[PDB]
Amino acid sequence: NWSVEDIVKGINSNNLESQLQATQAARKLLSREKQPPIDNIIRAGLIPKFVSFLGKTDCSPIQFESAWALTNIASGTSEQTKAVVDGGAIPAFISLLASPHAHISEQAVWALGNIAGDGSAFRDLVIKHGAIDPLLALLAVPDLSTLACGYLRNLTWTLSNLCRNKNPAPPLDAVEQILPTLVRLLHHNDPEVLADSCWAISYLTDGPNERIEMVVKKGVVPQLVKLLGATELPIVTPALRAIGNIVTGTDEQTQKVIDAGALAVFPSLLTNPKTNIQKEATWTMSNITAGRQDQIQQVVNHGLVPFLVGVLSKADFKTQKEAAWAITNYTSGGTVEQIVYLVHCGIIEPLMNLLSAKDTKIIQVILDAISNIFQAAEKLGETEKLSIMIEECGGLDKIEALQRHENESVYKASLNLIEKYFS
Amino acid sequence: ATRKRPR
Amino acid sequence: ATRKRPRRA
């Protein structure tokens, strides 16, 4: 390839063809090397020139080459992305969305996706410059299957970045404007379009219940549940994140997930070979057992309590901690008979074994659960029998062991449980 | 008085 | 934690 010095000499020539060849040499440098010399290109002052080339409608080749070069600069660090924005790229790329040449319009889509992907400020600045209307207009066809596959994938990914991040969340009216197109993309059968559409939905559902509501009322939950059962891990991961986000909301929002059949997938989610799936699925379960006692009953009816015993028994510790929360929540909201069923499934022994964990919060979660189970036992006339089970699990004397424990917090029930039940 | 836990 | 892609070839 060319040196940066030669690229600079060609771009400074004021000869449009010499500038085109130098811009192509810059794009090859920026797209071929690993460790492309982005900072050298920026320090040479080339970004304003590339941005001006985006406006040369009489030379579509140099529009494409400079769009590609700027895309890759914008894919770098936040400082490198800011250099592109500072050079006036945002409104120049938005104008290029109207190009008659699909390869040029898609490169502008890509560049705006990298700029928006930097964070909420540049995301919102891309929106303020008017990107959403022309982006959605590229998708306004009766059947998405008539669009080129790579083109559609790039549009979906850029739209997902406009749905990105949390502080703040994207403007409400932008979300409302994008959502119908996003729901179309969620139903499009291409694995990468589905993955990125799912990511967008997971972003939009991560936040307050009002944000969750505007997604749920578009009717997407049954489609998320279908995707929750896909074979592609890049689809299952964001679908599960979105389902998990939705059940952090109200009892009605949680009930839509259950009504759609999500619990039938959890036997495989809670045994999934990928640790991050098990953790995410067990966290979602803990927010479902924090629901109404008829929602707990659905967990029971789907046979999921043995799977929670399993995760509590053997799993990555972070997943085991989420399972302890699931149990405490269950014991906290469940009926006496639901708590009896939990004990009959073998919850006591794995729950006692985790009292040896060096994490302090799981000990407090587990001792809350033990407390909740004893009050159920009290209501039945039945307490002493529970106490017997605990000590044969070794759980008794690793409870006393916890009255030394540093926390005033673990101190409470450690003495409470013994004075009130054991001794 | 929710026991739901955020992400 | 950003989300960006270069175009390679």
# chains A, B, ... in the order shown; residues from 1 in each chain; ligands from 1

call {"tool": "residues_around", "arguments": {"residues": "residue C:7", "least_positions_apart": "4", "cutoff": "8 Å", "atoms": "only C-alpha atoms", "output": "ChimeraX atom specification"}}
result
/A:31,68,71-72

call {"tool": "residues_around", "arguments": {"residues": "stretch 105-121 of chain A", "least_positions_apart": "5", "cutoff": "8 Å", "atoms": "only C-alpha atoms", "output": "PyMOL selection string"}}
result
(chain A and resi 64+67-68+70-72+74-75+78+81+85+90+93-94+96-100+126+135+151+154-155+157-159+161-162+164-170) or (chain C and resi 2-5)

call {"tool": "write_last_selection", "arguments": {"atoms": "N, CA, C and O atoms", "output": "compact mmCIF listing (two decimals), in the first residue's frame"}}
result
# COMPACT_ATOMS: atom_id res chain seq x y z
N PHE A 64 -18.04 6.63 -2.04
CA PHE A 64 -17.94 5.30 -1.46
C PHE A 64 -16.61 5.12 -0.72
O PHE A 64 -16.59 4.67 0.43
N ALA A 67 -16.52 7.18 2.40
CA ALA A 67 -17.45 6.62 3.38
C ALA A 67 -16.85 5.40 4.07
O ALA A 67 -16.95 5.24 5.29
N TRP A 68 -16.21 4.53 3.29
CA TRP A 68 -15.57 3.34 3.84
C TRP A 68 -14.42 3.72 4.76
O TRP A 68 -14.29 3.19 5.87
N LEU A 70 -13.97 6.55 6.43
CA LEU A 70 -14.51 7.16 7.64
C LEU A 70 -15.22 6.15 8.54
O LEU A 70 -15.15 6.26 9.77
N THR A 71 -15.94 5.18 7.95
CA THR A 71 -16.53 4.09 8.73
C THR A 71 -15.49 3.44 9.64
O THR A 71 -15.74 3.18 10.82
N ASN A 72 -14.31 3.15 9.08
CA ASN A 72 -13.33 2.40 9.84
C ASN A 72 -12.62 3.27 10.87
O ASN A 72 -12.27 2.77 11.95
N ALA A 74 -14.28 5.62 12.44
CA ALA A 74 -15.36 5.71 13.43
C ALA A 74 -15.54 4.42 14.22
O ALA A 74 -16.16 4.45 15.29
N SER A 75 -15.03 3.30 13.72
CA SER A 75 -15.09 2.04 14.44
C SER A 75 -14.05 1.95 15.56
O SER A 75 -14.06 0.96 16.30
N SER A 78 -13.28 5.99 21.24
CA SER A 78 -14.19 7.14 21.31
C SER A 78 -13.53 8.41 20.79
O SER A 78 -14.19 9.22 20.12
N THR A 81 -13.70 8.08 17.08
CA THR A 81 -15.06 8.37 16.62
C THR A 81 -15.37 9.86 16.73
O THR A 81 -16.02 10.44 15.84
N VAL A 85 -16.97 12.71 13.94
CA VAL A 85 -18.09 13.61 14.24
C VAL A 85 -17.65 15.07 14.18
O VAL A 85 -18.34 15.92 13.60
N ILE A 90 -21.62 13.66 10.49
CA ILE A 90 -22.99 13.17 10.74
C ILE A 90 -23.95 13.67 9.66
O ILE A 90 -24.56 12.83 8.99
N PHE A 93 -23.20 12.03 6.19
CA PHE A 93 -23.63 10.63 6.04
C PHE A 93 -25.15 10.53 5.91
O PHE A 93 -25.66 9.72 5.14
N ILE A 94 -25.89 11.37 6.65
CA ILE A 94 -27.34 11.33 6.56
C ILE A 94 -27.80 11.69 5.15
O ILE A 94 -28.70 11.06 4.60
N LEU A 96 -26.12 11.07 2.50
CA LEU A 96 -25.75 9.95 1.64
C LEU A 96 -26.73 8.79 1.73
O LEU A 96 -26.72 7.92 0.85
N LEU A 97 -27.58 8.77 2.76
CA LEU A 97 -28.63 7.76 2.84
C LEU A 97 -29.57 7.82 1.64
O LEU A 97 -30.22 6.82 1.33
N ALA A 98 -29.63 8.96 0.96
CA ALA A 98 -30.47 9.15 -0.21
C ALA A 98 -29.76 8.80 -1.51
O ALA A 98 -30.31 9.04 -2.59
N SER A 99 -28.55 8.26 -1.44
CA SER A 99 -27.81 7.95 -2.65
C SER A 99 -28.58 6.96 -3.52
O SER A 99 -29.17 6.01 -2.99
N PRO A 100 -28.60 7.14 -4.84
CA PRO A 100 -29.17 6.11 -5.72
C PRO A 100 -28.39 4.80 -5.71
O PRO A 100 -28.93 3.78 -6.16
N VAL A 126 -26.87 11.75 16.44
CA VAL A 126 -27.31 11.18 15.17
C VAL A 126 -28.83 11.34 15.00
O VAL A 126 -29.32 11.73 13.94
N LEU A 135 -33.33 6.41 7.38
CA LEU A 135 -33.02 5.00 7.64
C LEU A 135 -34.25 4.12 7.48
O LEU A 135 -34.20 3.07 6.83
N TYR A 151 -27.15 -5.71 2.96
CA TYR A 151 -27.78 -4.41 3.16
C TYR A 151 -28.74 -4.44 4.35
O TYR A 151 -28.72 -3.56 5.22
N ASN A 154 -26.93 -4.73 7.74
CA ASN A 154 -26.30 -3.48 8.17
C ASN A 154 -27.33 -2.50 8.71
O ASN A 154 -27.09 -1.84 9.73
N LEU A 155 -28.49 -2.38 8.04
CA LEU A 155 -29.57 -1.55 8.55
C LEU A 155 -30.05 -2.03 9.92
O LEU A 155 -30.26 -1.22 10.83
N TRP A 157 -28.42 -3.76 12.23
CA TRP A 157 -27.39 -3.49 13.23
C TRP A 157 -27.34 -2.01 13.60
O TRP A 157 -27.27 -1.66 14.78
N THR A 158 -27.40 -1.12 12.60
CA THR A 158 -27.38 0.31 12.92
C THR A 158 -28.63 0.71 13.71
O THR A 158 -28.53 1.49 14.67
N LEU A 159 -29.80 0.17 13.36
CA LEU A 159 -31.00 0.48 14.13
C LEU A 159 -30.87 0.00 15.56
O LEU A 159 -31.30 0.70 16.49
N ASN A 161 -28.19 -0.09 17.32
CA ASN A 161 -27.36 0.87 18.05
C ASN A 161 -28.13 2.14 18.39
O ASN A 161 -27.81 2.80 19.39
N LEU A 162 -29.11 2.52 17.58
CA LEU A 162 -29.95 3.65 17.96
C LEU A 162 -30.85 3.32 19.15
O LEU A 162 -31.36 4.23 19.81
N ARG A 164 -29.70 1.56 21.66
CA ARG A 164 -28.66 1.29 22.63
C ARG A 164 -28.56 2.26 23.81
O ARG A 164 -28.99 3.41 23.77
N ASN A 165 -27.95 1.73 24.86
CA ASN A 165 -27.62 2.36 26.13
C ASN A 165 -28.72 3.04 26.94
O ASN A 165 -29.80 3.39 26.44
N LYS A 166 -28.33 3.41 28.15
CA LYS A 166 -29.30 3.55 29.22
C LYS A 166 -29.33 4.90 29.91
O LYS A 166 -30.27 5.16 30.68
N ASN A 167 -28.35 5.76 29.68
CA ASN A 167 -28.22 6.93 30.55
C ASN A 167 -27.83 8.16 29.76
O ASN A 167 -26.68 8.60 29.79
N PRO A 168 -28.81 8.75 29.06
CA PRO A 168 -30.19 8.27 29.15
C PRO A 168 -30.57 7.22 28.12
O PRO A 168 -29.82 6.90 27.19
N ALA A 169 -31.78 6.70 28.28
CA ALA A 169 -32.39 5.89 27.26
C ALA A 169 -32.68 6.76 26.04
O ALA A 169 -32.73 7.99 26.13
N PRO A 170 -32.84 6.16 24.86
CA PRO A 170 -33.12 6.96 23.66
C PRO A 170 -34.45 7.68 23.77
O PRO A 170 -35.32 7.28 24.57
N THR C 2 -18.49 0.27 24.10
CA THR C 2 -19.09 0.68 22.84
C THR C 2 -19.47 -0.53 21.99
O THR C 2 -19.15 -1.68 22.30
N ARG C 3 -20.16 -0.26 20.88
CA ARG C 3 -20.53 -1.32 19.94
C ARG C 3 -20.26 -0.81 18.52
O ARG C 3 -21.08 -0.06 17.98
N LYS C 4 -19.16 -1.26 17.92
CA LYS C 4 -18.66 -0.78 16.63
C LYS C 4 -18.06 -1.90 15.78
O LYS C 4 -17.59 -2.85 16.32
N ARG C 5 -18.12 -1.79 14.46
CA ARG C 5 -17.50 -2.74 13.52
C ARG C 5 -16.74 -2.07 12.41
O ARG C 5 -17.31 -1.28 11.72

call {"tool": "atom_distance", "arguments": {"atom1": "atom CA of residue A:138", "atom2": "atom CA of residue A:125"}}
result
20.3 Å

call {"tool": "select_by_dssp", "arguments": {"residues": "stretch 40-282 of chain A", "states": "helix (DSSP H, G or I)", "output": "number ranges by chain"}}
result
A: 40-43, 47-53, 60-74, 78-86, 89-96, 102-116, 120-128, 132-138, 144-146, 149-162, 172-186, 191-204, 209-216, 221-228, 233-246, 251-259, 262-269, 275-282

call {"tool": "interface_residues", "arguments": {"of": "chain A", "to": "chain B", "cutoff": "7 Å", "atoms": "only C-alpha atoms", "output": "ChimeraX atom specification"}}
result
/A:248,287,290,329

call {"tool": "atom_distance", "arguments": {"atom1": "atom CA of residue A:185", "atom2": "atom CA of residue A:242"}}
result
15.4 Å

call {"tool": "residues_around", "arguments": {"residues": "stretch 53-58 of chain A", "least_positions_apart": "3", "cutoff": "10 Å", "atoms": "only C-alpha atoms", "output": "number ranges by chain"}}
result
A: 16, 19-20, 23, 47-50, 61-67, 70, 89, 92-93, 95-96, 99, 104, 108

call {"tool": "write_last_selection", "arguments": {"atoms": "N, CA, C and O atoms", "output": "mmCIF file, in the first residue's frame"}}
result
data_model
loop_
_atom_site.group_PDB
_atom_site.id
_atom_site.type_symbol
_atom_site.label_atom_id
_atom_site.label_comp_id
_atom_site.auth_asym_id
_atom_site.auth_seq_id
_atom_site.Cartn_x
_atom_site.Cartn_y
_atom_site.Cartn_z
ATOM 1 N N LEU A 16 -9.185 15.598 -8.881
ATOM 2 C CA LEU A 16 -10.210 14.707 -8.335
ATOM 3 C C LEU A 16 -9.837 13.238 -8.509
ATOM 4 O O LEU A 16 -10.071 12.426 -7.608
ATOM 5 N N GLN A 19 -7.146 12.463 -6.086
ATOM 6 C CA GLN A 19 -7.755 12.375 -4.761
ATOM 7 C C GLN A 19 -8.504 11.060 -4.581
ATOM 8 O O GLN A 19 -8.469 10.461 -3.498
ATOM 9 N N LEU A 20 -9.191 10.604 -5.630
ATOM 10 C CA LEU A 20 -9.895 9.324 -5.574
ATOM 11 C C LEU A 20 -8.925 8.166 -5.354
ATOM 12 O O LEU A 20 -9.165 7.286 -4.520
ATOM 13 N N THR A 23 -7.660 8.322 -1.837
ATOM 14 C CA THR A 23 -8.690 7.927 -0.882
ATOM 15 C C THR A 23 -8.894 6.417 -0.896
ATOM 16 O O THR A 23 -9.067 5.793 0.155
ATOM 17 N N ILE A 47 -9.424 13.900 7.842
ATOM 18 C CA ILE A 47 -10.860 13.697 8.056
ATOM 19 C C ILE A 47 -11.713 14.774 7.397
ATOM 20 O O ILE A 47 -12.687 14.421 6.705
ATOM 21 N N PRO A 48 -11.439 16.075 7.564
ATOM 22 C CA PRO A 48 -12.240 17.077 6.839
ATOM 23 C C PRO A 48 -12.276 16.854 5.338
ATOM 24 O O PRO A 48 -13.311 17.104 4.705
ATOM 25 N N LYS A 49 -11.168 16.387 4.750
ATOM 26 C CA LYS A 49 -11.150 16.108 3.316
ATOM 27 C C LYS A 49 -12.081 14.953 2.974
ATOM 28 O O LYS A 49 -12.898 15.054 2.044
ATOM 29 N N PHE A 50 -11.966 13.836 3.706
ATOM 30 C CA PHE A 50 -12.876 12.714 3.476
ATOM 31 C C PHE A 50 -14.333 13.155 3.598
ATOM 32 O O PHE A 50 -15.181 12.768 2.780
ATOM 33 N N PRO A 61 -17.725 7.052 -6.966
ATOM 34 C CA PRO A 61 -16.583 6.303 -6.396
ATOM 35 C C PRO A 61 -15.914 6.976 -5.204
ATOM 36 O O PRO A 61 -15.579 6.285 -4.235
ATOM 37 N N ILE A 62 -15.678 8.292 -5.241
ATOM 38 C CA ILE A 62 -14.971 8.867 -4.106
ATOM 39 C C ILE A 62 -15.907 9.012 -2.900
ATOM 40 O O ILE A 62 -15.443 9.009 -1.753
ATOM 41 N N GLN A 63 -17.223 9.111 -3.122
ATOM 42 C CA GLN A 63 -18.160 9.053 -2.000
ATOM 43 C C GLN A 63 -18.034 7.719 -1.280
ATOM 44 O O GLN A 63 -17.943 7.664 -0.048
ATOM 45 N N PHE A 64 -18.039 6.628 -2.045
ATOM 46 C CA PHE A 64 -17.936 5.300 -1.457
ATOM 47 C C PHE A 64 -16.611 5.116 -0.722
ATOM 48 O O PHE A 64 -16.589 4.668 0.430
ATOM 49 N N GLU A 65 -15.493 5.467 -1.374
ATOM 50 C CA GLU A 65 -14.184 5.257 -0.755
ATOM 51 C C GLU A 65 -14.036 6.069 0.523
ATOM 52 O O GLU A 65 -13.518 5.567 1.529
ATOM 53 N N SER A 66 -14.464 7.331 0.507
ATOM 54 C CA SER A 66 -14.337 8.114 1.734
ATOM 55 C C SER A 66 -15.317 7.626 2.803
ATOM 56 O O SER A 66 -14.990 7.630 3.997
ATOM 57 N N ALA A 67 -16.516 7.184 2.402
ATOM 58 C CA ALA A 67 -17.451 6.623 3.385
ATOM 59 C C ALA A 67 -16.847 5.403 4.069
ATOM 60 O O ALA A 67 -16.953 5.243 5.292
ATOM 61 N N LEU A 70 -13.971 6.550 6.430
ATOM 62 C CA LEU A 70 -14.511 7.165 7.645
ATOM 63 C C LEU A 70 -15.224 6.151 8.538
ATOM 64 O O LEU A 70 -15.154 6.263 9.766
ATOM 65 N N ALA A 89 -19.098 14.818 9.886
ATOM 66 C CA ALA A 89 -19.533 13.617 9.178
ATOM 67 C C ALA A 89 -21.024 13.326 9.349
ATOM 68 O O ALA A 89 -21.640 12.765 8.435
ATOM 69 N N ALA A 92 -23.366 14.814 6.701
ATOM 70 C CA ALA A 92 -22.923 14.341 5.393
ATOM 71 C C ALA A 92 -23.322 12.882 5.165
ATOM 72 O O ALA A 92 -23.756 12.523 4.063
ATOM 73 N N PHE A 93 -23.201 12.027 6.192
ATOM 74 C CA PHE A 93 -23.632 10.631 6.037
ATOM 75 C C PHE A 93 -25.151 10.533 5.911
ATOM 76 O O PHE A 93 -25.665 9.715 5.136
ATOM 77 N N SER A 95 -27.142 12.679 4.528
ATOM 78 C CA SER A 95 -27.462 13.002 3.138
ATOM 79 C C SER A 95 -27.188 11.821 2.222
ATOM 80 O O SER A 95 -27.937 11.582 1.268
ATOM 81 N N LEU A 96 -26.120 11.072 2.497
ATOM 82 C CA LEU A 96 -25.747 9.950 1.642
ATOM 83 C C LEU A 96 -26.732 8.795 1.730
ATOM 84 O O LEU A 96 -26.721 7.923 0.851
ATOM 85 N N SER A 99 -28.548 8.264 -1.441
ATOM 86 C CA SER A 99 -27.806 7.954 -2.655
ATOM 87 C C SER A 99 -28.581 6.955 -3.516
ATOM 88 O O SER A 99 -29.172 6.006 -2.987
ATOM 89 N N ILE A 104 -23.407 2.677 -1.643
ATOM 90 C CA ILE A 104 -23.033 3.907 -0.950
ATOM 91 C C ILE A 104 -23.985 4.192 0.198
ATOM 92 O O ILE A 104 -23.568 4.609 1.286
ATOM 93 N N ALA A 108 -23.008 4.479 4.318
ATOM 94 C CA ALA A 108 -23.425 5.549 5.224
ATOM 95 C C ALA A 108 -24.212 4.996 6.414
ATOM 96 O O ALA A 108 -24.060 5.491 7.536
#

call {"tool": "atom_distance", "arguments": {"atom1": "atom CA of residue A:213", "atom2": "atom CA of residue A:319"}}
result
28.0 Å
